[PDB]
Amino acid sequence: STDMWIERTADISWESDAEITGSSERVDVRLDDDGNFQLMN
Amino acid sequence: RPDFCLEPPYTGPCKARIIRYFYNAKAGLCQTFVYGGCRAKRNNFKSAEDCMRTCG
Amino acid sequence: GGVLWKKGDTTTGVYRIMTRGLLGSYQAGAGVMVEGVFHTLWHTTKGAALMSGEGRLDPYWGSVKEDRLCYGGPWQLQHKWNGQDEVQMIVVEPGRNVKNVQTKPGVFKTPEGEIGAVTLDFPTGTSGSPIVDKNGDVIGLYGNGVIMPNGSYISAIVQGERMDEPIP
């Protein structure tokens, strides 16, 4: 067997009344071979 | 015991929730912490037994 | 930098990826089921098989480097952020009902090129939550990002091209 399973929890939809937050700055990064992002590029 | 048994637990930069175990000297025993899925350090074990066997 | 290779339920939708600890059952992450395929980030399951209802789901394709993984078939998501509009993340937080949040993506400037990114800091276990554009199409997933020196968390909008259709 496996150690993990999945359970549907919602539909894929946009919510017009969704809260708005977060900023949109530009950041210089590099993607290493481990699939992880590194700063300062 | 290995030196990395002294390093503090490290969650990492990813957002998965993987309960792992780390050795806490102050407590002399192993405790659970949330591992994020990436950049794991050595003081990170899948079970309390494995953690104690290595850092006990 | 990738790997190829009873059938479980594949009802379209947003899912929670669960697992069991020696002391209880909990949410490790999330993902999205689209066109019979389950998409999530590589680091949530590390390519392990998953139970879905009565059946099992085996990984089709995955890439550590890209931190992407799909089950039951090739990657079906193909919508990308247009670098202008605001987007919405379908927050699948452990122990909480799904809620959508809107934001204006920022950008990850990489040697290869630019990647959309959102400055949203949600609890651990939300990796795999989809991000959708105006038409409700998945343009990427949340979870693979960086921890900034000021305590900020920025996640890339992880997305890939559709594996079924040609590129050109």
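Indices start at 1 and increase along the chain as displayed.
Using N, Cα and C of the backbone, Cβ positions are placed for all residues, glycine too.
Annotated disulfide bond per Swiss-Prot: B:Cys5-B:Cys55, B:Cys14-B:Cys38, B:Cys30-B:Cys51, in sequence order. Swiss-Prot lists B:5-55 with the feature domain 'BPTI/Kunitz inhibitor'.
Close to B:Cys51 (disulfide bond), meaning Cα to Cα within 10 A, are the following disulfide-bonded residues out of B:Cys5, B:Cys14, B:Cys38: B:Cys5. A straight line from the CA of B:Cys55 (disulfide bond) to the CA of B:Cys14 (disulfide bond) spans 26 Å. Counting only same-chain residues at least 6 apart in sequence, those with a Cβ under 8 Å from the Cβ of B:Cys14 (disulfide bond) are B:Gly36, B:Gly37, B:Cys38, B:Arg39.
In sequence order, the disulfide-bonded residues from B:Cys5, B:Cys30, B:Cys38, B:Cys55 that place a Cβ under 8 angstroms from a chain A Cβ are B:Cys38. The secondary structure of B:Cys38 (disulfide bond), as reduced to three states from DSSP, is coil rather than helix or strand. Those disulfide-bonded residues from the list B:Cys5, B:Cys14, B:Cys30, B:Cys51, B:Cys55 that have a Cβ under 8 Å from chain C Cβ atoms: B:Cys14. Neighbour list (B:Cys5 (disulfide bond), Cβ cut-off 8 Å, at least 6 residues apart, same chain): B:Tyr23, B:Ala25, B:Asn43, B:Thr54, B:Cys55. Cβ neighbour count for B:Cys51 (disulfide bond) (all protein chains, 10 Å cutoff from its Cβ): 23.
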